[PDB]
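Fold and contact review
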Amino acid sequence: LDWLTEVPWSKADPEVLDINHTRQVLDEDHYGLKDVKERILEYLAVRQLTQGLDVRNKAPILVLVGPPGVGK
Amino acid sequence: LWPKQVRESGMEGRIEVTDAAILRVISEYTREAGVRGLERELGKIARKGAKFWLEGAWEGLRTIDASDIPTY
Amino acid sequence: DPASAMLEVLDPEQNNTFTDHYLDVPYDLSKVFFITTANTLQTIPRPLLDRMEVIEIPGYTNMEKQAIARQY
C-alpha cells in the first residue's frame, strides 16, 4: 500500500509553453542540431493548438542514432 | 569547449587561442566524427599553459597563434 | 558483456550519478583517478575507447635498458 499511493496518478505539470522562450533555451546549450530542435518545437505547436479540444494525447518515442561523440 | 576548458583550469583571462589555431588542431591532431578528442586537445593546451604560468609569469593575454601549436 | 557496463562508470560527463543494481541510489565517482592498462587498443570497443585519454609507452632502447639495469 505504500508503493500504491506514491506513484503519481493524475498529477502533472503544464504543457502549453511560450515557443520562443523554448527556442532560446534550446539554443544556448548546443550548437546546430536542427532536426531535433524542430521536432520539439512542432510538438509544442501541437500542444498549443489542441488545449481546448478533448483528443488523445500521446507523447513521442524517439531513438537518436549516431557516432560516439555527438551530443546524444 | 574552449571557455569551459579555460575556466576549469584556472587560466581564465591569461591565455587565448586564435581561429587559425583551432582549425589546425581540428585538421592535424584529430580524426573524429564527434567532438571529445578536440576537447582533450584543448584541455592539454590549458594544462600546459597553467604549468608554464606556475614557473614563470606574464601579464595580459598570451595569444597562441597557429605556429605555436607544436610547442603545446 | 561487462564492456557495455563500463560505459556508465567511465563516462566523463555523466559518472557523478552511477547507479549500481544493489544500492538503488546515484553514487558519485567523479573524483576517482582512473588508470587503465592495455597492450593493444584493437580489442577495446570504440565507444569505450572514446572516453579515455591515451598515453603510449613505446618500448626501451639499448641505451635506456643500460641505465635501467645499472640504476634499478
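1. What to know about the overall build of chain B
Per the secondary structure count, chain B includes three helices and two strands. Moving toward the C terminus, one meets the helices and strands of chain B in the order α-β-α-α-β. Computed over the C-alpha atoms, the radius of gyration of chain B is 12 Å, within 12% of the 11 Å expected from 2.2 N^0.38 for a compact globule of 72 residues. For chain B, buried positions account for 32% of its 72 residues. Of the contacts formed within chain B by residues at least 6 apart in sequence, a portion of 71% connects residues at least 24 apart. Carbon and sulfur atoms provide 50% of the accessible area of chain B, an area that totals close to 4,600 Å². Averaging the locations of the 12 positively and 12 negatively charged side chains of chain B gives two centres separated by 7 Å.

2. Here's the deal with the overall build of chain A
Scanning chain A for helices and strands turns up two helices and zero strands. For 72 residues, the compact-globule estimate of 2.2 N^0.38 gives 11 Å, and the C-alpha radius of gyration of chain A, at 16 Å, exceeds that figure by more than 25%. Along the first, second and third principal axes, the C-alpha set of chain A runs to 45 × 35 × 20 Å. In chain A, which comprises 72 residues, the share counted as buried stands at 11%. Surface accessibility of chain A: about 6,800 Å² in total, with carbon and sulfur atoms responsible for 58%. In chain A, 9 side chains carry a positive charge and 12 a negative one; their mean positions are 6 Å apart.

3. Description of unusual backbone geometry
Residues and elements named next belong to chain A. The phi dihedral of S10 is positive, around 60°, even though this residue is not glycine. Relative to the elements of secondary structure, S10 occurs in the segment before α1 (19–26). On the basis of relative accessible area, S10 is assigned to the exposed category, the value being 78%. Positive phi is not limited to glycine here, since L33 has a value of about 60°. Looking at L33, the relative accessible area reads 45%, which means it is partly exposed.

4. Quick word on the interface of chain B and chain C
Frequently, the measure chosen for interface size is the accessible area that the parts lose on association. Listed by partner, the interface residues are four residues for chain B and five residues for chain C. The junction of chain B with chain C conceals about 460 Å² of combined surface from both sides, 25% of it contributed by carbon and sulfur atoms. A per-residue breakdown of the area chain B buries against chain C is headed by B:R36, B:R40 and B:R47, which together make up 85% of the total. For B:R36, the salt bridge is made with C:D11, and the minimal N-O distance between the two is 3.5 Å. Run the count over chain B and chain C and you get two residue pairs in polar contact. Residue classes in the side of chain B that touches chain C are distributed as no nonpolar, no polar and four charged.

5. Side note on the pattern of salt bridges
Where charged atoms from two side chains of opposite charge approach closely, those side chains can pair. Taken as a whole and judged by the stated rule, the model has eight salt bridges over all chains. Between A:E15 and A:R47 there is a salt bridge, and its shortest N-O distance comes to 3.7 Å. Within this pair, whereas A:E15 is found in the segment before α1, its partner A:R47 is found in helix α2 (residues 34–49), the two being separated by 32 residues in sequence. A salt bridge links B:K4 to B:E8; the shortest N-O distance between them is 3.8 Å. Residue classification places B:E8 among the exposed residues on the basis of a relative accessible area of 59%. Salt bridges sharing partners connect three or more residues here, namely B:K4, B:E8 and B:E39.

6. Concerning a nonpolar patch on the surface
Residue and element names in this part refer to chain A. A surface patch of nonpolar side chains, about 700 Å² in accessible area, is lined by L1, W3, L4, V7 and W9. Relative to the helices and strands, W9 resides in the segment before α1. Judged by relative accessible area, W9 falls into the exposed class, the value being 58%.

Rules of the game
- Numbering of residues starts from 1 on every chain and follows the order in which that chain's sequence is written, so it may differ from the entry's own numbering; residues lacking coordinates are left out.
- Labels follow written order: the first chain is A, the first ligand is 1, and so on.
- Consider the displayed chains a part of a larger assembly; each reported value belongs to this part rather than to the entire assembly.
- For the side-chain quantities, the full set of heavy atoms in the structure was used; hydrogens and water were omitted.
- The way it works is that DSSP assigns letters per residue, a run of H or I at least four long becomes a helix, a run of E at least two long becomes a strand, and they are numbered from the N terminus.
- Computation of the radius of gyration draws on C-alpha atoms, with the globule rule given as 2.2 Å multiplied by the number of residues to the power 0.38.
- Here the term buried applies to any residue with accessible area under 20% of the maximum for its type, exposed to any over 50%, and partly exposed to those in between, with areas from a 1.4 Å probe on protein chains only.
- Residues are treated as being in contact if the distance between any of their heavy atoms lies within 4.5 Å.
- Using a 1.4 Å probe, accessible areas were evaluated by the Shrake-Rupley method; residue-level cover was limited to the displayed protein chains.
- The sign given to each residue is positive for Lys and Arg and negative for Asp and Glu; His and the chain ends receive no count.
- The atom standing in for a charge is NZ when the residue is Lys, CZ when it is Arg, CG when it is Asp and CD when it is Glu.
- Reported buried area values correspond to the accessible surface (1.4 Å probe) lost by two parts on association, with both partners' losses combined.
- Salt bridges are counted wherever a side-chain nitrogen of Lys or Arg sits within 4 Å of a carboxyl oxygen of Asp or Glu.
- Side-chain atoms alone can form a polar contact between residues adjacent in sequence; in general such a contact is a pair of N or O atoms within 3.5 Å, and within protein one must be able to donate a hydrogen while the other accepts it.
- Here the term charged refers only to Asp, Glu, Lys and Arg, the term nonpolar to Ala, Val, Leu, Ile, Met, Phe, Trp, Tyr, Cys and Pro, and the term polar to all other amino acids, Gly among them.
- In this analysis, a patch consists of residues with relative accessible area above 30% that form no salt bridge, clustered at 9 Å for like charges and at 5 Å for the nonpolar side chains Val, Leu, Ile, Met, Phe, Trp and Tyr.

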